[PDB]
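S.K.: Starting from these lines, generate the structure:
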Amino acid sequence: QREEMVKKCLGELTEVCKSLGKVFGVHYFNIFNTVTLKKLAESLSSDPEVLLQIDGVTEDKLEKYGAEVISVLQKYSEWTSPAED
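M.R.: Numbers count the residues shown, from 1 in each chain. Have a look at this structure:
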């Protein structure tokens, strides 16, 4: 059901970036690009370390938007508990 997680992630990221980008006084493409978003949902991980390696990511960007991304990624993450031992 990976597609479900990715689809949901992108869907939420669209509204989040839309509201934040609209209020901030900019455009969605001015804050994030199709490629950046694609990789974001594709990776699906709170760890901002791996995200920083994604073209179009900065401390300020992740600090403003990334915050919500990490919160949700950490919330849903707690629900899952794959055997990593």
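S.K.: which ones are touching residue 69?
M.R.: 13, 16, 40, 46, 51, 62 (CB atoms under 8 Å, 6 or more residues apart in numbering). Every residue, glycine included, has its C-beta placed from N, CA and C.
S.K.: 10 Å instead, please
M.R.: Contacts for residue 69 (CB atoms under 10 Å, 6 or more residues apart in numbering) come out as 9, 12-13, 16-17, 40-41, 44-46, 48, 51, 62.
S.K.: so the residue nearest the centre of the chain is in which element?
M.R.: Nearest to the geometric centre of the chain sits residue 69, at 4.4 Å (CA atoms, centre = their mean). Using DSSP states H and E, residue 69 sits in helix 67-79.
S.K.: buried sites along that helix?
M.R.: By neighbour count with 16 or more other CB atoms under 10 Å, helix 67-79 contains the buried residues 69-70, 72-73.
S.K.: and if you look at stretch 27-44?
M.R.: For stretch 27-44, by 16+ other CB under 10 Å, it's 28, 31-32, 36-37, 39-41, 44.
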